[PDB]
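J.: Going down the list, the sequences are from chains A, B, C, D, E, F, G and H. Quick note: to get our numbering, add 17 to the position in the first sequence (first position is 1). Quick note: to get our numbering, add 7 to the position in the second sequence (first position is 1). Quick note: to get our numbering, add 228 to the position in the third sequence (first position is 1). With our numbering, the residue at position 74 of the fourth sequence is 60, and numbering never jumps. Quick note: to get our numbering, add 128 to the position in the fifth sequence (first position is 1). Quick note: to get our numbering, add 63 to the position in the sixth sequence (first position is 1). Quick note: to get our numbering, add 1023 to the position in the seventh sequence (first position is 1). Quick note: to get our numbering, add 88 to the position in the eighth sequence (first position is 1). Beta carbons: idealized from backbone N, C-alpha and C, even for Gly. So that we are looking at the same thing, I have put the structure below in structure tokens.
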Amino acid sequence: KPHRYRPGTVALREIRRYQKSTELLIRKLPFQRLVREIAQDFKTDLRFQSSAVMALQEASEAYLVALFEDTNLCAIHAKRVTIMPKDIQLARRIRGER
Amino acid sequence: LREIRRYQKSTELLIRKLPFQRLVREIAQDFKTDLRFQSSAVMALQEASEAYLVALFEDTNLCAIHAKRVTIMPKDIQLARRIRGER
Amino acid sequence: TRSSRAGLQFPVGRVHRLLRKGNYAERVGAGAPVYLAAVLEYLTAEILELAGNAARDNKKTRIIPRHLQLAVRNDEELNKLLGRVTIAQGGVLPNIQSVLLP
Amino acid sequence: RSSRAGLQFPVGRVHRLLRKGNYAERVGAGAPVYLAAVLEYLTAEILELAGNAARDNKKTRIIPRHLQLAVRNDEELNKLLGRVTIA
Amino acid sequence: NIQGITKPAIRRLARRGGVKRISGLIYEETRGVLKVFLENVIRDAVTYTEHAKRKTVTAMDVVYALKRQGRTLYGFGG
Amino acid sequence: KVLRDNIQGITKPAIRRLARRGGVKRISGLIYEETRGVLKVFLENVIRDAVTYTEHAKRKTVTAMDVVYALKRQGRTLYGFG
Amino acid sequence: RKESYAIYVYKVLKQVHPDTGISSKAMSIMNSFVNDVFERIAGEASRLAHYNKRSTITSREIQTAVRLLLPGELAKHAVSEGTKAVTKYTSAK
Amino acid sequence: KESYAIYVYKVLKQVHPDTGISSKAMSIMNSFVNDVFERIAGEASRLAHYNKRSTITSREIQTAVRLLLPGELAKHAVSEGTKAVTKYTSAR
DNA sequence: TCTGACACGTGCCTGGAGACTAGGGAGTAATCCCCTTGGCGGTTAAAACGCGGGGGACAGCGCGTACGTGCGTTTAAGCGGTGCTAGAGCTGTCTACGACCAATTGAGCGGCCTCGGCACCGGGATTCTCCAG
DNA sequence: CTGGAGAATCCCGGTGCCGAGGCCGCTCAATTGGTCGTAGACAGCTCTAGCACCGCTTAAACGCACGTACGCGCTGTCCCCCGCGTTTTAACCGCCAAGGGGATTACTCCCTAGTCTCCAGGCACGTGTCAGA
């Protein structure tokens, strides 16, 4: 009667729902205020775009897609299903930037 | 001294000119009718090849080192070519 | 105009306007704008084909971010030309490995 | 104007390669002056590396062995030059 | 206040990005990764701002920055 | 005029020099030809765009500068050839 | 007013799928895509324009640059659709 | 020699008048300075392009260098580069 | 241990450098305006803490295995030795080609809209799956 | 071991929230032929090397017999980051306004590339020892 799950059914909802549906999920305005607060260290009274911060969420999630996929390949070629410091850092390295 | 100096000190080109020069000629025929008995250009081909082997064997080598191994399986060079985008 | 006279659906005049005002150099390419317009119209036609049909498989007629990225990535060589690009409104791909199964 | 900028490297040669690189028609008021002074700076850095590295073996010459010493011990431009092999 | 970055919601768009498992060590170092990449785009964004004479940055400026950083995004013009 | 089987010109002791220079132990003989396959695809890419380059330059005896442009096309420009 | 590089994209869409809608985000995707592909191809034509050591960029450099960038089936419809389209125009001025 | 030869060994003769070297490493520096050169100049070109400006000068060069390689090396670059520009504005 | 190509100088430039010579783009004043400053109200985005459950990679230990080393070889290449010209850049120019405009003409621009597009309900139908047998 | 309630997940279906669609004169970009403005190959060929030219032993690769020397799997091992769940706290969603510098239009001060004259360090060619092989 409690509708609790199987350990992976949340990740099944991740792959099915979250890999099927592809929409941005975090609210734009507080992160826009974060771009304001981090931007305080540069110059006074800057104006931004809603579309620039939505571009920040888009580049953030696609950035997570690329980091996640090569992080996976670094795990799985080394016979691992979980992600570590060495595979995220090495994953960033093996593009040829580092 | 064997590995570092014998295997690592050599930086000049390693192959006798005429055979692999004919490898350049032979494979070059096999795509467009032709790289020739080129003196310095064929040497640029060998230098390019071995330097590219330095790169793929070095990131391949790092993939080997972190993966608790000191031998090779083809998946490593496949992944290196993947992340560079050779594959 | 010459765009129709080129047997083109795309404006050869406007494409040539991109050439002269693009400033990437006495002339620009002779057949080249017709050439690029033909290729881009072709790959455009197949990507619209993929998003239209694949999106139409869910009764919807426009392109969702899932169908945006999938529509882009379902051509392997276009994926090769766009391997280092970011797709805004894309989300993810159907590349679910068996090791990506929980 | 290069020696009349009091600097070591030519502003007209580097400027001519800027022009024939065909970027825009408006060349800067002092753009090759400043640019040639920056490459005077960092080129002077790698040539001080060339004098010390040449003098590693009582020599006046760096070779690609010494260039692998400097570059494989380099951080700035070896970080900045990734896919580059000194033959 | 970097705590505006809300970590379970960062995990939510990670899941939306397809992320299957996250170790505990991943969070702070990932804050490092977005920290450096994000300081790169706000950094070069500020360089474009200083070269020009605007106080209103654009998403097209982020397109310019990602063009320099090899993660160019469409869907905003340019 | 007819040339066959020169892939061994990329010799095994050279693979010992660079591959054993890499510090990898037990570098298998069952993998060497696959490495030559990686060499095959890479080298046919740079020779590919190289021969398109000198094909545009319409020359029959290719210069090394063409090879420099070929590696340059893949971003793998190296120093010491021009 | 409005501007994009996708009004002809949905024109050719109606040439292929006459009853089909278009999302605005896809219109900007197509606009940014046309400009990106344009700057890449013109970039390679500029690079070969150095390489061939000409002060002239004609269709030869663009076509061979397209031959440089896309391998096989894009090449099929590139020389096919591209070159045949050039054949369709260039019999006259 | 069709290279950066004369200035590299010119200042090398300023540091060591009895110098024996090879043309090959000079070609290495020729590809190096030409390569980084076209990188920076292309960055200034697209730099003026992106911000809808039709001028390329030491601001475009300056910020372009800041994009490709910032840091204290950039601080000395604007130091001797900028003060050098000041000198050329005063002495010719 | 044995010795010769750049330091240095000389033909022979050939590109830096500068002055006319017409020439045009960014800082800034000035007008509407997207939103900054300030105000408003109801609803909610998301997640500490506590309970609940399985879960991650990796070694102990054992199997094991293979190219390198040493030693020897071995023909193409090394090294020495050919010949007329293949071809790269050059030869002068023809041979040939291209922008702006006189003149302006055509679909997006300018100008406004629209009515149903697809988002949101409406009700119903899937669905697969993890806890039941 | 299989197999449905049940919560997550569609499928039309209507209806306009309003955006995909709704639409024509004109204007700004623009088509066509000569003049003005103009860049690369043209066929033939020169001397470095292109293609055709050649003999032997030792050059580095190929191969034989020790010999060594490395990953990888089953099972345990105890490992640990995760998620339900209402509630957690301001943030969220929707509402806005009004002039200010943003965005845009106009003023203003600016506007340096191209050809030729000036000129001098620099390139290929030639000596020679200390740098060079």
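1) What would DSSP say about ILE84(B), mapped onto helix, strand or coil?
2) Using CA atoms only, rank isn't needed, just tell me which of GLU34(D), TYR9(D) and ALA73(D) is closest to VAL99(H).
3) I want to verify the contact list: residues of chain B whose CB lies under 9 Å from the CB of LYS88(F), in sequence order.
4) Could you give the residue range of the alpha helix (DSSP H) that holds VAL101(F)?
5) I'd like to know whether the C-beta atoms of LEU(-7)(D) and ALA172(H) end up nearer to each other than 8 Å.
6) Alpha carbon to alpha carbon, what distance is there between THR78(B) and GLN85(B)?
7) So which residues on chain B does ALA95(A) lean against when the C-beta distance must stay under 9 Å?
8) Listing by chain order, which chain B residues have their CB less than 8 Å from the CB of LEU81(A)?
9) Can you round the beta-carbon distance between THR126(F) and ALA58(B) to whole angstroms, since I take them to be within the 8 Å contact cut?
10) What would DSSP say about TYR142(F), mapped onto helix, strand or coil?
11) What residues in its chain sit with their C-beta under 8 Å from that of residue 238(E), if we drop five residues either side in the sequence?
12) Assign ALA1101(G) to buried or exposed, taking buried as 16 or more other Cβ atoms, counted over all protein chains shown, within 10 Å of its Cβ.
13) State buried or exposed for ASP37(B), treating a residue as buried only when at least 16 other CB atoms are found within 10 Å of its CB.
14) Alpha carbon to alpha carbon, what distance is there between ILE111(A) and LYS103(F)?
15) Near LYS45(A), what residues of its chain come up, given a Cβ to Cβ distance below 8 Å and the 5 sequence neighbours on each side ignored?
16) With respect to the alpha helix (DSSP H) encompassing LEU25(B), which residues constitute its N-terminal and C-terminal limits?
17) How about the stretch 14 to 32 of chain B and the stretch 68 to 75 of chain F: do they share at least three Cβ pairs that are nearer than 8 Å?
18) I believe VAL300(C) touches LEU309(C) by the beta-carbon criterion, under 8 Å. Please report the beta-carbon distance rounded to the nearest angstrom.
19) For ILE72(D), which of helix, strand or coil comes out of DSSP?
20) Below 8 Å on C-beta distance, what does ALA23(D) contact in chain H?
21) Identify whether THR229(C) lies in helix, strand or coil by the three-state DSSP scheme.
22) Taking the alpha carbon of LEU66(F) as the reference point, which residue from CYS70(B), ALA35(B) and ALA74(B) has its own alpha carbon closest?
23) Please confirm whether any heavy atom of the ligand NAP lies closer than 7 Å to the CB of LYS123(F).
24) If you compare alpha carbons, which of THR174(H), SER178(H), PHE120(H) and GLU160(H) is closest to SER91(H)?
25) Give the residues of chain C in contact with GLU1096(G), contact being defined as C-beta atoms less than 7 Å apart.
26) Could you tell me the boundaries of the alpha helix (DSSP H) in which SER111(H) lies?
27) Could one say the Cβ of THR140(F) lies closer than 8 Å to chain B's Cβ atoms, at least one of them?
28) State the Cα-Cα distance for the pair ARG97(A) and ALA193(E), rounded to the nearest angstrom.
29) For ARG32(B) and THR117(F), I'd like the C-alpha separation in whole angstroms.
30) Who are the neighbours of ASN129(E) on chain A, taking C-beta pairs under 7 Å?
31) Got a sec: which bits of the stretch 164 to 195 of chain E sit with their beta carbon under 8 Å from any beta carbon on chain G, in order along the chain?
32) Taking the DSSP output, what are the residues bridged to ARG64(A)?
33) Between which residues of its own chain and residue 183(H) is the CB-CB distance below 7 Å, once the five residues before and five after are set aside?
34) Please report the straight-line C-alpha distance between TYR20(D) and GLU1084(G), rounded to a whole angstrom.
35) Of all the options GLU254(C), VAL320(C), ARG242(C) and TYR270(C), which has the alpha carbon lying nearest to the alpha carbon of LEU298(C)?
36) Measuring CA to CA, which of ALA92(A), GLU114(A), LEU41(A) and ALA95(A) is closest to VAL70(D)?
T.: Once the coordinates are examined:
1) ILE84(B) falls in the helix class under three-state DSSP.
2) Looking at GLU34(D), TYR9(D) and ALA73(D), the one whose alpha-carbon comes closest to that of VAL99(H) is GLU34(D).
3) Under a criterion of Cβ atoms nearer than 9 Å, the residues of chain B adjacent to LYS88(F) are, in order, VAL77 and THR78.
4) Element bounds for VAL101(F): 92 to 119.
5) Yes, Cβ-Cβ distance for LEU(-7)(D) and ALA172(H) is below 8 Å.
6) Each residue's alpha carbon lies about 15 Å from the other.
7) Residues of chain B passing the Cβ test: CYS70, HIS73, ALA74, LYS75 and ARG76.
8) Correct list: empty, because the minimum Cβ distance to chain B is about 17 Å.
9) About 19 Å separates the two Cβ atoms, so there is no contact after all.
10) Per DSSP, reduced to three states, the secondary structure at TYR142(F) is strand.
11) This structure cannot speak to residue 238(E), because chain E is shown only from 129 to 206.
12) Around the beta-carbon of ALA1101(G), 16 or more other beta-carbon atoms lie within 10 Å, marking it buried.
13) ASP37(B) comes out exposed.
14) When only Cα atoms are considered, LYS103(F) and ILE111(A) end up about 22 Å apart.
15) Taken in chain order, the residues that qualify are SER67, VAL70, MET71 and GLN74.
16) 24 to 36 is the span of the alpha helix (DSSP H), which, as asked, contains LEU25(B).
17) Enough Cβ pairs lie closer than 8 Å, so yes.
18) Between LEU309(C) and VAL300(C) the Cβ distance is about 11 Å, and since that is not below 8 Å, they are no contact.
19) When secondary structure is reduced to three states using DSSP, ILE72(D) falls in the strand class.
20) The answer, in chain order, is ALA165, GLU168, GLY169, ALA172 and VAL173.
21) In the three-state reduction of the DSSP assignment, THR229(C) falls in the coil class.
22) Nearest C-alpha to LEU66(F) among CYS70(B), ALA35(B) and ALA74(B): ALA35(B).
23) Only the bare structure without any ligand can be found here, which leaves the ligand NAP out of the picture.
24) Per the C-alpha coordinates, the member of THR174(H), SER178(H), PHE120(H) and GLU160(H) positioned closest to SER91(H) is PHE120(H).
25) Within 7 Å Cβ-Cβ: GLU305.
26) Unbroken alpha helix (DSSP H) run through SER111(H): 111 to 138.
27) So no, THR140(F) is outside the interface.
28) Between the alpha carbons of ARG97(A) and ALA193(E) lies a distance of about 35 Å.
29) Rounded to whole angstroms, the separation of the alpha carbons of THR117(F) and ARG32(B) is 15 Å.
30) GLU54, listed in chain order.
31) If you check each beta-carbon in the stretch 164 to 195 of chain E against every beta-carbon of chain G, the ones closer than 8 Å belong to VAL191.
32) In DSSP, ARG64(A) forms a bridge with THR184(E).
33) In the structure displayed, chain H extends from 89 to 180; residue 183(H) sits before or after that span and is not available.
34) Distance from the CA atom of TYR20(D) to the CA atom of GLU1084(G), rounded to whole angstroms, is 34 Å.
35) If we check each option's Cα against that of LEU298(C), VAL320(C) comes out closest.
36) Of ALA92(A), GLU114(A), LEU41(A) and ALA95(A), the residue nearest in Cα terms is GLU114(A).
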